[PDB]
Amino acid sequence: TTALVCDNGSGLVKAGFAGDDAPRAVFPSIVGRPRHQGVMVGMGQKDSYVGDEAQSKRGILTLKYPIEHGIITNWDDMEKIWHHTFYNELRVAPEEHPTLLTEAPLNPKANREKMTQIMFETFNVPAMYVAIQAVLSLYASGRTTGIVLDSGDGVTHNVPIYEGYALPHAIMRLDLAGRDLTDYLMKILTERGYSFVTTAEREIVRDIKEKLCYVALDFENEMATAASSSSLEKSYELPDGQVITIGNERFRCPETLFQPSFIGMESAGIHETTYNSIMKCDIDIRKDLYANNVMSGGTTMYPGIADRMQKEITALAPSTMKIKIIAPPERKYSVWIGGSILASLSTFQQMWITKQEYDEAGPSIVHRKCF
Amino acid sequence: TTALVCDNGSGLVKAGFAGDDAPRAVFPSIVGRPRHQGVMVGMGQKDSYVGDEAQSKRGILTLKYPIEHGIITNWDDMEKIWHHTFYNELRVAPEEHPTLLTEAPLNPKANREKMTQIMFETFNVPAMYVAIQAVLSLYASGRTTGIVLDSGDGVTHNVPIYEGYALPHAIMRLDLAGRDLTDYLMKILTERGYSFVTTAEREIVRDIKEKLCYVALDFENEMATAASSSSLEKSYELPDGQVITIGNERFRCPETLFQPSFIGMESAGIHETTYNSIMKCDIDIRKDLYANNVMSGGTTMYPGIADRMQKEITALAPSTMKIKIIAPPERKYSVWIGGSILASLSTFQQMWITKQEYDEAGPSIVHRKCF
Amino acid sequence: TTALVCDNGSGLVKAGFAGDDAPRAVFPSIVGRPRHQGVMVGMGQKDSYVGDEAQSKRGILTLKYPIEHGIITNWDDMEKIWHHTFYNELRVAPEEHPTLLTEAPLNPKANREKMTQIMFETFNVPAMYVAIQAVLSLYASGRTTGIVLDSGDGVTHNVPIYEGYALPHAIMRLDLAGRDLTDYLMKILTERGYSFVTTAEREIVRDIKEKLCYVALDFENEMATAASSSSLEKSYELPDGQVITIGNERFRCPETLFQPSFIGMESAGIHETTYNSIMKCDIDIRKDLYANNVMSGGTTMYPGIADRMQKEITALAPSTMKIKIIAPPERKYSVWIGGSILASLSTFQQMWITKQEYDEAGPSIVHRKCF
Amino acid sequence: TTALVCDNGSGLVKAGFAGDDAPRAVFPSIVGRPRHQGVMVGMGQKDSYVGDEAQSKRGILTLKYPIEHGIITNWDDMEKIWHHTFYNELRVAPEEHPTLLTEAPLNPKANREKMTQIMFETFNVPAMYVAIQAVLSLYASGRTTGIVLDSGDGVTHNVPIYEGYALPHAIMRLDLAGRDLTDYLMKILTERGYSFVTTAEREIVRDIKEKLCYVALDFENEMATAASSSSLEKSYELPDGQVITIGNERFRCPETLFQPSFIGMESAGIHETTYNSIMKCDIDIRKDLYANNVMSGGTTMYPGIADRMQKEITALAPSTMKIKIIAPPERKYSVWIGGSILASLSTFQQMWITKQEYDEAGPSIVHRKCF
Amino acid sequence: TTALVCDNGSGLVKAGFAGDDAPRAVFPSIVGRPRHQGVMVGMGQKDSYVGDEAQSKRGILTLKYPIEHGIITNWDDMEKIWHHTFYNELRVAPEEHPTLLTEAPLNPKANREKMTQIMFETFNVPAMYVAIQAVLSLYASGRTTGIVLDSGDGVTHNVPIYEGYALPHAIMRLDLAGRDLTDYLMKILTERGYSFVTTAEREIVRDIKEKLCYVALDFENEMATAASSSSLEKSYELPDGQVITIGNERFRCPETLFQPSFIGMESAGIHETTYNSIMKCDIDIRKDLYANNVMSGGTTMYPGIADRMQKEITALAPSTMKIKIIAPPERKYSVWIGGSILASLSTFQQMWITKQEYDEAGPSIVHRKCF
Amino acid sequence: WXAXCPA
Amino acid sequence: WXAXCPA
Amino acid sequence: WXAXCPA
Amino acid sequence: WXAXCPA
Amino acid sequence: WXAXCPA
Ligand SMILES: Nc1ncnc2c1ncn2[C@@H]1O[C@H](COP(=O)(O)OP(=O)(O)O)[C@@H](O)[C@H]1O
Ligand SMILES: Nc1ncnc2c1ncn2[C@@H]1O[C@H](COP(=O)(O)OP(=O)(O)O)[C@@H](O)[C@H]1O
Ligand SMILES: Nc1ncnc2c1ncn2[C@@H]1O[C@H](COP(=O)(O)OP(=O)(O)O)[C@@H](O)[C@H]1O
Ligand SMILES: Nc1ncnc2c1ncn2[C@@H]1O[C@H](COP(=O)(O)OP(=O)(O)O)[C@@H](O)[C@H]1O
Ligand SMILES: Nc1ncnc2c1ncn2[C@@H]1O[C@H](COP(=O)(O)OP(=O)(O)O)[C@@H](O)[C@H]1O
Ligand SMILES: [Mg+2]
Ligand SMILES: [Mg+2]
Ligand SMILES: [Mg+2]
Ligand SMILES: [Mg+2]
Ligand SMILES: [Mg+2]
């Protein structure tokens, strides 16, 4: 009846119905189980918690993320989350509506295949379709030409599109993402005597990151400033009422995106992979890509990250070239919005993979790209 | 038929039937034997007395407590007390009803095992179950989250529970309890020329304690007040008509709970073990525990002990944290009441350990915790 | 067949059969022998007289008391008295009945041992038992709790009993008794020109004492009254028709019990030994003892002695304590009556010491106290 | 000038000067007053006698002990004794020398306070200090670690000290002492027809006790031996030339220390309180205490008491533990000697309580313990 | 002159001079203060004890550990220990020699900074350097490639090194260590009626652990064995001569390292963190790390822990991979030895941080890593 | 004593 | 008595 | 208890 | 520590 | 992942 969109990205689940201007259900992709003691199976206890439930009671739960780097590692829990969505968050019967899923580019084929198996077995989804997150982001911007940097929690990727023609040869991917930034921050907080080691504590660190970190325009000078007595330090109140002070970690953390070597990776910085991706593309495209850098995803939510990238690319690119970073107020939901749009299109309709076809043709069908 | 509850704590026996809003039989856990002379075995004499009998005739009896620090030391006498209960106080046939017992946490395994042996041998209890006193107290409050400070005569213990999930790693225990407070008081009364040394005399001291002692809000200033001529002194009439005057002992006694060093112990004060227990727990729990401190047990009956603890924890805890001490009018019977409730629950029913199982599986079964 | 009781106290012999409500034979414990001249052994004369015989003819006899302070000093004469009882006063065969004897507490072991030897040798008593006089007195009152002041001619003693349990650590004894009061009176009568020095004359003094002496409530004021011209003086007619006048000796005599210093003794007064005995006992008994002071024995027969003691103890005891002096019309025979009761009890029966046992076990058996 | 030591214990006064190897004046703590008649106040008579004076003329005196169970009950007489010491026995001016007093632990505060008031009022003692008897005893032994059993006439006490650090939480006290043993003996001598009831007679009993009593190694077997005809009986000549024979009382008396139940007390035997005191102490001390049991005081002068205690503790203690009873030839004067030593120490000097301080700070100062 | 090494780890201090093949001074990092009573400040007492002094007299002391989890919490006491070392244990002047300190990885920066401040202020250390414990351990083995598991009392850590190049991105740390194992053991001994609660008692438990615990190869089967009657139980004699029996606690304790959930921690077992650390490292290193697992630290001293780990890793790692656990006889001193070696190296010399530099550059210098 | 025992 | 007092 | 404390 | 764990 | 990285 009404196609629905499920941006079940690696870390945060954003679901809703096509046509709506915002997701209806947004909650963490977390499954939590009782840590300290087994469950009183003959009494009023609960084996596991999902999303906000788990987050709320995380003090006694071990939290897991079914999805890692855009790859589903725990199918049992993944299934459970989808269940939770349909019956607790949206509270609709999944067999009544088409399902548009999202996926990071360059995954094991089995990832996609297994998802569709579930959707046509555990659930009885009429028809479904799996789309690339960056592509959808571009639809949300409404631009036909550009290059998209979608960087979520589990994965970062980069997809150039020119005049409505995807360029499936310069798609790049890093497993460097928000999850690693969280972990890194968590680690360096040790320097100030702040120890966070449990999974629940990790969750706290995530919150801190989201509220205090920002991207330094000039990292080295920012460090010098932080070294001197300054106003860069901020306070933060922990759940138990304690107050902590964050100093130069407020930018030493997000900086990692521009210098992956901080965590032992050979990857070029995101400003370099953007540039390089453009260099891999035909010289007659390059100019248009430079003026249309579209950022999306939660890790682009840091204050000043656009300005930093503006600067970084400017340096790498020709002096006569106009560099323009596009970074809409709603980057966080760009992909979901794109899905809403796409699902509502009249031409899109012909791409739905029906259960009928799945049963007839078989699993291989999920990799078709006729459009 | 009707499960019964026996809170045979170390010092006072509180028994009754589940469903009743109060214990039916409450009497001291005391066995007394003729002191001055052996028993005229061929004449109308009585070898031993139990509970109120012994207490009433204590002038010629040596009184003993079968239970010390929550551990049964004299099984012969323990057995005798249970006998007394069933046949003199409740006057029911024990083989007709399930028996819910209580126990302080962290006892020698043999304590529990031997009790159950007796219950399935000397008595023929259909089925039984041993529960932790603090846990039951929480049920009486009806709260699902909190930390319980149960402090009786022989033992003090502290058990945190979060949202119906026990946290069996931060259970703490002190052998510092009402028995020691009694002894201490008895000792310091020497300063005023009041000598109490016999067991019967000890019993008198206990009464005094219960009627005149209170918890000073500010011990040091309270001492200064007591040092000056004041109204703090109270009179008390001894059984033989003599009148004694109690001064600063009225608070130097219960103070020991906050300063165990008075009796040579390294233990932290009860306000510190409460705090520390909370610190041992996950940061996302802490807040809820702070707002739900549940006190129970006879040693929490002192006037103003809640206020004192309120103050003490407030100092230790963060300034933005709300500290709330819960201390219901019925703290004295909290555990028993909790037992009444639990025993009447429909899910609880499945946990009864039957004689059949005991005989088949053997003694090890008493440590199961399936729930 | 029918146990008999022989309260052969120091001074007066009271014998009878158990079950009777009063002694059958009461006569003085006196053996008299011709004073002025030896006996005409070949003619109708009599070597010695016993009891009433001796008393009747005392004018020509030297009278002796076999028993002094509860200790038999002259066994030959003691034996003779027992003979007199059985064959002249009761006129029964001693080998036909059990014999319950009485004895003051704290005697030389040999006293008891020798008596039993005689009873199982000179006589052939089937079985016998020696009991403490004060204890028996308590049985006569029928009370289970109290303290007994038994004060006879040769000895005064004090035994506390609580709820049927004797307290054999606070038994007190004075050799101050009726015999000394008699002697003292006899002495002070000298002041009025009344000389009594012979043994027969002593006997007369005894009678006077018993008829004219009373216990002053307030001795000092009583003296003042006596000093003034008053009605306190009484007349008394001596055996030979002479009339004597007794003044303040009517209370200066019995006063000695409250002030033993009159005759050179360090002993506390009887009101003080009563009090002190109670103080030696456990504080939880004291109250009950205060309300149950049982007096017995001939020296408690003085008019107003109960009132005097009431006053004296009241002063010593706490103001909130109720002091109650019990002093039945039959104090004189209390011990004997108690014996009657005890001997008739079905449980008592098992304590009889048989001749068989005496012969087998030997003399040491007389100190057993199995009951 | 030269500090003096006054071990005015309950029963015997031992005084002398610090530095001397023995007391200079030793005499009974007795005040005696004319018994039989008031004093001829206008003629050469004497109202009261003290110490040896009283003892020498005790036949006509009522003797009193100002001190009972280590508590001064008669201050007038106490004062008189101190007077007697300073002016008749030592014959020195008290205002010229510091005074070291001794005191049993756990007394009414007023006891100490009143003594010091007198010392700074009736007398003009420059400075003084009150020390615990057991502690001083340990100094006399010269050992730094041990547990001291000081048992005098009025009181018995037990104080553990470890490596120069007192352990003021395991100090125990019994009012069971030599005075009670004397009284008990006096009582049981009744069995052999030996009556001692006056105060002067009590004094005689004391002497007997000291010369004939000994501690049986195995009481029960010793009784069996005594029951058989044996050499245990000893003769003793009384002051008036009479000779008495003492049998099993020679050990039934001192036995009471190991079995307090003989006189109606609930107290554990001295071997049990020693053991228990050790059990109350930290496990890492226990071993050292076991090898250093120091006995002192006149009631430890009985022949074989050390051997008996050796045996008794051995049974109670672990089989691998070495039990060692220390019992020097001079136990009787151990406390006094300790005082001599302490008073002569250069560091001790700073603890003297001066009259100046008393007057300024007030009475409360006597409980200071800065050292 | 001769550089010295101070492995002041959290719990045990191991100091000596470089070039020696073993530490010169090894003693506990403990400061003890009089528990039961304040110090006699004017007499020969001692305010605090350090190391073996404290341990020896622990029965009367409250013992504290300045260092917790590798973080110095009590600087006053820490300072005192260093003092004790230099002047009582090594007895050398610290200003004469370079000081090589050790430190667990990932500490608050202030920990290190404060230590160096002290070393250049309280002491006048010419020059000093702080090195990571695991790194030094590797030098002791003399291997250039491997992964080190250093697990002491307060902290456990894991550092991979490849061909002389440290890999500072896979350094892992747990606060799970010997201290927790001690505490856990202490707790579970409760099951057999063995109560250890004081700090001194804790110390005893530590000893027990070190002598009786071993690592089960197959924990579950080991439990089954222990459940059956068996030879696993061992005896142990406590300081006071008592003997205790240890059963399955002999392996339920050290097992915690492989199952941290026993004490409520989310941490993976040490065999899993080892494995995971290797997985975090580059695939071309992995093989070499597998064949070079170096264990060090006192908690690796348990019998069979190497075999257990061998088994555990074998299961996790590929079947064609050779797993080799290196566990030299001297694991206990591995770090210290490594320090000896490093300090003696000619190239190392250039890394000493001089006081001059500290004063000039300032505190930040302590985090340099030029090498 | 005042309460308990005499002294 | 034998010692003390007569009896 | 058996070791430590009495009970 | 300051936050998390004690130290 | 199966080879390289975890997932
Ligand atoms: N305001 C913010 N600042 C920084 N990071 C953010 C912010 N909001 C969300 N994030 C991060 O974005 C990630 C989740 O956003 P999202 O892009 O929806 O993830 P995904 O698409 O992988 O589900 C997390 O890493 C989260 O911490
Ligand atoms: N009003 C009171 N004030 C102080 N203490 C009390 C009061 N009532 C009871 N107690 C003390 O409580 C203890 C017994 O209460 P309870 O908690 O039932 O003991 P238990 O649970 O160990 O049987 C005794 O130590 C007693 O003195
Ligand atoms: N009515 C009386 N008033 C005073 N004393 C009496 C009276 N009757 C008897 N007595 C005294 O009581 C004593 C004998 O009484 P009793 O108690 O039977 O003596 P015991 O029990 O020693 O044989 C004598 O001292 C006698 O004088
Ligand atoms: N040789 C002895 N045998 C038994 N008891 C003795 C001996 N010498 C003295 N005593 C007893 O010791 C007590 C007095 O000794 P002491 O210890 O000095 O008393 P205190 O210290 O109370 O003054 C008295 O009870 C006395 O009988
Ligand atoms: N033989 C042993 N068995 C088990 N544990 C041991 C042994 N020897 C020492 N330990 C433990 O090792 C720790 C101290 O060793 P160490 O590694 O030197 O500590 P640190 O390096 O933290 O100073 C303590 O936890 C101690 O109990
Ligand atoms: Mg995304
Ligand atoms: Mg309770
Ligand atoms: Mg009578
Ligand atoms: Mg003494
Ligand atoms: Mg180490």
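Residues numbered from 1 in each chain as written, not as in the entry; some residues may be left out. Chains lettered and ligands numbered in written order. Heavy atoms only, no water. Residues with missing side-chain atoms left out of burial classes, pairs and counts.

As recorded in the PDB, this entry has the title "Cryo-EM structure of phalloidin-stabilized F-actin (copolymerized)". Turning to chain A, the UniProt record has this under Sequence similarities: "Belongs to the actin family." (UniProt positions renumbered as here; feature names shortened; annotations may be inferred.)

Participant: I'd like to hear about the interface of chain B and chain A, residue by residue, with values.
Facilitator: The interface is formed by 22 residues belonging to chain B together with 27 residues belonging to chain A. In total, chain B and chain A occlude about 2100 Å² of area from one another, counting both sides; carbon and sulfur atoms represent 57% of this. When the area that chain B buries against chain A is broken down by residue, the three leading residues are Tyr-165, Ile-283 and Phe-371 of chain B, summing to 32%. At the boundary of chain B with chain A, the tally comes to 4 salt bridges. Here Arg-35 of chain A makes a salt bridge to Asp-282 of chain B, at a shortest N to O gap of 3.2 Å. The interface formed by chain B and chain A holds 9 residue pairs in polar contact in total. Contributing elements (two or more residues each) for the side of chain B that touches chain A: strand 13 (165-166) and helix 10 (286-290) of chain B. When grouped by side-chain class, the residues that make up the side of chain B that touches chain A number 13 nonpolar, 4 polar and 5 charged. (Contact = heavy atoms within 4.5 Å. Buried area = accessible area lost by both parts, 1.4 Å probe. Salt bridge = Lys/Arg side-chain N within 4 Å of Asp/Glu carboxyl O. Polar contact = N/O pair within 3.5 Å; in protein donor to acceptor, adjacent residues only side chain to side chain. Helix = DSSP H or I, 4+ residues; strand = E, 2+ residues; numbered from the N terminus. Nonpolar A, V, L, I, M, F, W, Y, C, P; charged D, E, K, R; others polar.)

Participant: Outline the packing of helix 5 (residues 178-188) of chain E against helix 6 (residues 199-212) of chain E, listing residues and values.
Facilitator: Residue and element names in this part refer to chain E. Packing of helix 5 against helix 6 brings their axes to within 9 Å, and their N-to-C directions diverge by 100°. On the basis of the axis angle, helix 5 is roughly perpendicular to helix 6. Taken together, the residues of helix 6 that come into contact with helix 5 (itself represented by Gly-178, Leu-181, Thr-182, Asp-183, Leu-185 and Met-186) are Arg-202, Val-205, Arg-206 and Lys-209. (Axes fitted to C-alpha atoms, helices over the stretch in contact; angles between N-to-C directions. Parallel < 35°, antiparallel > 145°, perpendicular 65-115°, else oblique.)

Participant: Any chance you could break down the packing of aromatic side chains for me, citing the residues and the numbers?
Facilitator: Under the criterion given, the structure shown has 40 aromatic pairs over all chains. Ring centres of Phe-86 of chain A and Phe-123 of chain A lie 5.4 Å apart, and the angle between their planes is 90°; this geometry places the pair in the edge-to-face category. On the criterion of sequence distance, the pair formed by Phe-86 of chain A in helix 2 (residues 75-89) and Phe-123 of chain A in the loop between helix 3 (109-119) and strand 10 (127-132) is long-range, its members being 37 residues apart. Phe-123 of chain A carries the same exposure label as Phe-86 of chain A, and that label is buried. Taking 6.3 Å as the distance between ring centres and 50° as the angle between the ring planes, the aromatic pair formed by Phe-219 of chain E and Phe-262 of chain E counts as tilted. Highlighted residues: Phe-219 of chain E in helix 7 (residues 219-227) and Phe-262 of chain E in the loop between helix 8 (249-252) and helix 9 (270-280), separated in sequence by 43 residues. (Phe/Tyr/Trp six-rings, centres within 6.5 Å; stacked < 30°, edge-to-face > 60°. Buried < 20%, exposed > 50% of the residue type's maximum accessible area, 1.4 Å probe, protein only.)

Participant: Can you explain the state of the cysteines? Please cite residues and give values.
Facilitator: If you walk through the whole model with that rule in mind, you get 0 disulfides over all chains. Left without a disulfide partner, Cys-213 of chain B is nearest to the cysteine sulfur of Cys-253 of chain B, which lies 4.4 Å away. (Disulfide = S-S within 2.5 Å.)

Participant: Residue-level account of the relation of the copies chain E and chain A, with values.
Facilitator: For the pair chain E and chain A, the relating rotation is 167°, the translation along its axis is 28 Å, and the fit reaches an RMSD of 0.0 Å. Taken together, the interface assignments show that only 12% of the residues at the interface of chain E recur at the interface of chain A, consistent with different surfaces on the two copies. (Least-squares fit on C-alpha atoms.)

Participant: Which residues make up the site of ligand 1, and what values do they have?
Facilitator: Residues and elements named next belong to chain A. The immediate surroundings of ligand 1 are formed by 15 residues, with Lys-14, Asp-153, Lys-209, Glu-210 and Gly-298 found nearest. In this structure, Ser-10 approaches ligand 1 through a main-chain N or O atom, which is 3.5 Å from an oxygen atom. The separation between an oxygen atom of ligand 1 and a polar side-chain atom of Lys-209 is 3.1 Å. Alone, ligand 1 offers 560 Å² of accessible surface; in the complex the protein occludes 90% of this. At the level of elements, strand 2 (12-17) and helix 6 (199-212) are the ones that each hand at least two residues to the shell around ligand 1. (Near = heavy atom within 4 Å. Areas by Shrake-Rupley, 256 points an atom, 1.4 Å probe, with all protein chains shown as cover.)

Participant: Explain the sheet that holds strand 3 (residues 25-28) of chain B to me, and be specific about the residues and the numbers.
Facilitator: All names here are of chain B. Taken together, the 6 strands give an open sheet; going across it, the order is 3-2-1-9-10-19, and neighbouring strands pair in mixed fashion. Both edges of this open sheet fall to strand 3 and strand 19 (353-354), since each of them pairs with a single strand only. The pairing of strand 10 (residues 127-132) with strand 19 spans 2 bridges and is antiparallel. Looking across to strand 19, one finds that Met-128 is bridged to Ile-353. The strands touched by helix 2 (residues 75-89) are strand 1 (4-8), strand 2 (12-17) and strand 3; relative to strand 3, the strand with the most contacts, the crossing angle is about 140°. (Pairing = 2+ DSSP bridges.)

Participant: Give me the interface of chain E and chain A: which residues, what numbers.
Facilitator: Counting from both sides, the interface comprises 8 residues of chain E and, opposite them, 15 residues of chain A. Counting the surface lost from both chain E and chain A, the interface buries some 830 Å², and carbon and sulfur atoms represent 53% of this. If you sort the residues of chain E by the area they bury against chain A, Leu-106, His-169 and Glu-266 of chain E come out on top, with a joint share of 58%. Our count for the chain E to chain A interface comes out at 1 salt bridge.

Participant: Which residues make up the sheet that holds strand 9 (residues 99-103) of chain C, and what values go with them?
Facilitator: Residues and elements named next belong to chain C. Taking strand neighbours across the sheet as the criterion, the 6 strands line up as 3-2-1-9-10-19 in an open arrangement whose pairing is mixed. Because the sheet does not close on itself, it has two edges, and the strands there are strand 3 (25-28) and strand 19 (353-354). Set on the sheet, helix 2 (residues 75-89) makes contact with strand 1 (4-8), strand 2 (12-17) and strand 3; between it and strand 3 the angle comes to about 140°.

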